[PDB]
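J.: coords below, sequence missing:
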Ligand SMILES: CN1CCN(C(=O)Nc2ccccc2)CC1
Ligand SMILES: CN1CCN(C(=O)Nc2ccccc2)CC1
């Protein structure tokens, strides 16, 4: 029993983190097989970051200008190609600790673990969500760029995020491992403002199921509702619309708890309309939206 | 920028997790050098757990009755001794992945990472605190016993917790690695009720410093207070008393922020007396007490 914001074990990813240095800029890289992945803005001075022409900047760089260090051993760079907003540095040694892996572009509302790194060294690990406005609310200081987000499926690591940017508003933007930014963000130091940070409604409902399962039940009401009724209320509170797909995904939690999904929606509606009145749910005073229904099934069943 | 509930990288600890089976009971063990540490209630049937005489139960057990599996390779048990509420199983092989380590008995209010395991396999990692009533609010299902709490100091892992018990109230009790329970708890299935779960006041203040540092400032008031005045208010709200030691520990955050510790106390006093009025601080609607001042210095400085 008990319900925690829980990251995946980071060890498989620790074993992939390296330091990448280009001139004066040092940041993190991901060593998988004989390729090191890192943000292409490694080739930028902070001055460059105002109006960087990455192709032009790259002409001046050789393989020997990219210093790649895995612990205290240097990796030889034998090639590099810019793929979108990532550099792929080919090195002459395959990472002996390469786990089984995929690159997956996640959808907004999807959760993942971040291993925050500095100089190719892990500082810590925490569970995030891709917000509906394609930002993440990370913890990232200077040197954290190249820090990655991942999921683990038994022994396969699916890398979904590489950290690139902090917006002037202190939220974070980055890419998939093909170097495509999530949302409208670019690796430029400029006015980029995130859209509305909506609540991930399906994740809130899953978390309400996790609460009931762990004994926090005070918020269960006598009411039900409909998707359309629920959604009129959701929208007014900057919650994402709930779809039949969302209802289908919550099915198992519904079955296990014997609480219909629309009944729970109607519990959630009253919480929105009436607030918590100083009460808490799994030790939170607001409605948590960074657990997916899969996260809730996983942690309430003990998947390893 | 940004502030996250952040666990240590779990990889050094992943490499120590094994499965221990005695008859029908399977749970987790910690393999360091040629010793595997696990909860002594591995020798108990759920029936035993009502009124277990561990010495008597142990007479009937041989080295060959303790099945120790590290991945899919069995470890030979060549000896075992009961030390308090832990079994130490001597095995003929030293764990090749043994990191630098200590056993440290932590104080209440101290934070640590848990690597939740099932059958010697890590499921996830999360940051806890030892509550002032010596419970932790964990996430632990059947088979999680032997899951450990730790801190990392660069490359040294200080193991502080081994998980043993869930109280009837769904909070967790366990031991240091010498097998001494934190607080008044025993490995018996009975009426054990935790005391008052007080708020770790020094941790709240550190978190208020982390907020200011990350730009959340709305709660900064024009007032100051004194330790005695603050404490009259603290006590009424089931906050731990604040001591000069606590003030001394907050010194660096005070220096960095230029907010005197007693000024921040007086901000915290108004928060207690006036609530949040529907506002949030680092995306929380209550006052977080599971970051130590050291945690706040660490994450705001990027220690690896
Ligand atoms: C911008 N360019 C792109 C091409 N390029 C390479 O090095 N390519 C390469 C890739 C894999 C192995 C060997 C060489 C130089 C920089
Ligand atoms: C309860 N007893 C305690 C003694 N004991 C041992 O095996 N001790 C041992 C320790 C280290 C190496 C070899 C033997 C049996 C069970």
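T.: Thanks, I have the structure now. Numbering: from 1, shown residues only, chains lettered A, B, ... in the order given. Ligands and ions are numbered 1, 2, ... in the order given.
J.: count of neighbours near the closest residue to residue A:249 other than its chain neighbours?
T.: Nearest residue to residue A:249, sequence neighbours excluded (C-beta to C-beta, 6 or more residues apart in numbering or on different chains): residue A:293, at 5.0 Å. (Each C-beta comes from the backbone N, C-alpha and C, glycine too.) Neighbour count for residue A:293, taken as other C-beta atoms under 10 Å in any protein chain shown: 22.
J.: For residue B:258, see how far away residue A:293 is.
T.: 45 Å (C-beta to C-beta, to the nearest Å).
J.: And stretch A:161-174, what's buried?
T.: A:161, A:162, A:163, A:164, A:165, A:166, A:167, A:170, A:171, A:172, A:173, A:174 (16 or more other C-beta atoms under 10 Å in any protein chain shown).
J.: now swap in stretch A:227-245 and tell me
T.: Neighbour-count burial for stretch A:227-245 [16+ other C-beta under 10 Å]: A:227, A:230, A:231, A:233, A:234, A:239, A:240, A:242.
J.: Keep only those of the buried residues of stretch A:161-174 that are in strands.
T.: The members of the buried residues of stretch A:161-174 that map onto strands under DSSP state E are A:161, A:162, A:163, A:164, A:165, A:166, A:172, A:173, A:174.
J.: and those residues as TSV, adding distance to chain B?
T.: Shown next, in TSV, are those (distance: C-beta to the nearest C-beta, whole Å):
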residue	distance to chain B
A:161	14
A:162	16
A:163	11
A:164	14
A:165	12
A:166	6
A:172	7
A:173	12
A:174	13
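J.: Can you tell me the SS state at residue A:235?
T.: helix (DSSP: H, G, I helix; E, B strand; the rest coil).
J.: which residues touch the residue of the stretch 151-300 of chain A found nearest ligand 2?
T.: Relative to ligand 2, the nearest point of the stretch 151-300 of chain A is residue A:155 (34.3 Å; C-beta to the nearest ligand atom). Applying C-beta atoms under 8 Å, 6 or more residues apart in numbering or on different chains to residue A:155 gives the contacts A:12, A:99, A:100.
J.: Let's see which of these end up in helices.
T.: residue A:12 (DSSP state H).
J.: neighbour-wise, which of the contacts of residue A:155 leads?
T.: residue A:12 leads these on contacts (other C-beta under 10 Å) with 21 neighbours.
J.: related to what we said a few turns ago, nearest to residue B:87, out of the ones in strands among the buried residues of stretch A:161-174: which one, please.
T.: residue A:161 (41.5 Å; C-beta to C-beta).
J.: so the closest one makes contact with residue A:178?
T.: No - counting by C-beta atoms under 8 Å, residue A:161 stays clear of residue A:178, with 11.8 Å between them.
J.: now the strands for the stretch 51-200 of chain A?
T.: A:66-70, A:73-75, A:77-83, A:86-91, A:100-103, A:111-118, A:121-129, A:148-153, A:156-166, A:172-175 (DSSP state E, counting those that start in this stretch).
J.: Adding distance to residue B:135, write those out as TSV.
T.: Converted to TSV, the strands of the stretch 51-200 of chain A look like this (distance: least, C-beta to C-beta, whole Å):
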stretch	distance to residue B:135
strand A:66-70	41
strand A:73-75	44
strand A:77-83	50
strand A:86-91	45
strand A:100-103	38
strand A:111-118	26
strand A:121-129	23
strand A:148-153	29
strand A:156-166	34
strand A:172-175	34
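J.: Not counting its neighbours along the chain, what's nearest the residue in the stretch 201-304 of chain A that ligand 2 sits nearest to?
T.: As assessed by C-beta to the nearest ligand atom, ligand 2 sits closest to residue A:304 within the stretch 201-304 of chain A, at 30.1 Å. Nearest non-adjacent residue to residue A:304, counting by C-beta to C-beta, 6+ apart: residue B:121, 3.6 Å away.
J.: List the contacts of that neighbour.
T.: Contacts of residue B:121 (C-beta under 8 Å, 6+ apart): A:304, B:17, B:19.
J.: ok, now residue A:288?
T.: Contacts of residue A:288 (C-beta under 8 Å, 6+ apart): A:5, A:203, A:204, A:207, A:281, A:282.
J.: cool, residue A:239 as well?
T.: Neighbours of residue A:239 in contact, by C-beta under 8 Å, 6+ apart: A:198, A:199, A:201, A:204, A:233, A:272.
J.: Next one: the last one relative to chain B, how far apart?
T.: As judged by C-beta to the nearest C-beta, to the nearest Å, residue A:272 and chain B stand 13 Å apart.
J.: My read is that that residue contacts residue A:235, right?
T.: No - if you go by C-beta under 8 Å, residue A:272 and residue A:235 don't touch, sitting 10.8 Å apart.
J.: Look at stretch A:159-175 and report the distance between its end residues.
T.: Taking C-alpha to C-alpha, to the nearest Å, stretch A:159-175 runs 10 Å from one end to the other.
J.: beta partners for whichever residue of the stretch 1-150 of chain A sits closest to ligand 1?
T.: In the stretch 1-150 of chain A, the residue found nearest to ligand 1 is residue A:79; the distance is 2.4 Å by C-beta to the nearest ligand atom. Beta bridges link residue A:79 to residue A:90, judged by DSSP bridges.
J.: now it: how far from residue A:187?
T.: Applying C-beta to C-beta to residue A:79 and residue A:187 gives a distance of 22 Å.
J.: what about these two, which has more around it?
T.: residue A:187 (22 against 12).
J.: Ligand 2 contacts on chain A?
T.: Contact residues, chain A versus ligand 2 (C-beta under 6 Å from any ligand atom): none.
J.: what's the domain layout of chain A?
T.: Domain segmentation of chain A under curated CATH domains yields A:1-14+A:100-197, A:15-99, A:198-301.
J.: which one of the ones you listed is the most hemmed in?
T.: Most buried of the domains of chain A, by mean neighbour count (mean count of other C-beta atoms under 10 Å in any protein chain shown): domain A:1-14+A:100-197, with a mean of 20.
J.: closest point of the stretch 1-150 of chain A to chain B, which residue?
T.: residue A:11 (2.9 Å; C-beta to the nearest C-beta).
J.: what residues are up against the residue nearest to that residue when sequence neighbours are not counted?
T.: Spatially, and ignoring its direct neighbours in sequence, residue A:11 is nearest to residue B:11 (2.9 Å; C-beta to C-beta, 6+ apart). By C-beta under 8 Å, 6+ apart, the contact set of residue B:11 is A:9, A:10, A:11, A:12, A:14, A:15, A:122.
J.: any chance of those in CSV, with distance to residue A:148 too?
T.: What follows is the contacts of residue B:11, written out as CSV (distance: C-beta to C-beta, whole Å):
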residue, distance to residue A:148
A:9, 15
A:10, 10
A:11, 14
A:12, 11
A:14, 11
A:15, 12
A:122, 11
